[PDB]
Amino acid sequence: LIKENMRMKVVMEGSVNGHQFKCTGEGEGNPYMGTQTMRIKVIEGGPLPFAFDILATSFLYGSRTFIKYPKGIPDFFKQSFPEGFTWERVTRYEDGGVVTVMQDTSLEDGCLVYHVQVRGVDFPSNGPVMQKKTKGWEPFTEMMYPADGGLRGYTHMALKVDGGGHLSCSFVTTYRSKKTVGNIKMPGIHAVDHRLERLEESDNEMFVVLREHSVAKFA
């Protein structure tokens, strides 16, 4: 079901500090090489009065079908099809800011389909997120842990800010299979190294291309 080339489509809706928005994306990648690209438009609530970087990890640090797994580490995500999987996340940001995310991953007529619900609160008004002074995500390692027939994902990420700073951010994600028939071979503890790059942006972040590279390894 997961071919060497797979397309994906994404609808994201939510709010940050009360500012409502909607984004749509489409893209493609090589699930077995862990590489993917997505073109994203802000279709409602644009221009966003906050850094697009806070959303970036939910379209893609939200696309876990595109991880390169070695034979000996079972692939929870590709095994979950045709039904797919969900992920739920809470992210806490240095200096205040909490983002809660719920995501559904489905496969419809050979295309991966993502729905994402985002709610950000308590970002300080004069901070880099609400002032649009962020400079992208550093590469990051997500630790994957087996948890009662799904996976717990743990990442401690650094959002770059203007003037050479970072904001530390902690991501706890629960990945749950929607499989109603069939089996999943469960992996052990492992790591996934991710590189998420924002390229080809428009001036006010109404159009953004994201590129991600995700490779699994022993912990």
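We number the residues from 1 along the sequence you see.
Of the two segments examined, 159-167 and 39-47, it is 159-167 that shows the higher average Cα temperature factor in the deposited entry. The question of which stretch, 127-135 or 114-122, has the higher mean Cα B factor is settled in favour of 127-135. By the numbers in the PDB entry, the CA B factor is greatest at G96 among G96, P82, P74, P146. When all modelled residues of the chain are sorted by CA temperature factor, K78 is found within the lowest third. Among all modelled residues in this chain, the alpha-carbon of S106 has a temperature factor (C-alpha) in the lowest third.
In the PDB entry, a CA B factor belonging to the lowest third of its chain's modelled residues is recorded for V215. When the CA B factors of the chain's modelled residues are split into thirds, the value for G18 lands in the highest one. When all modelled residues of the chain are sorted by CA temperature factor, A191 is found within the middle third.
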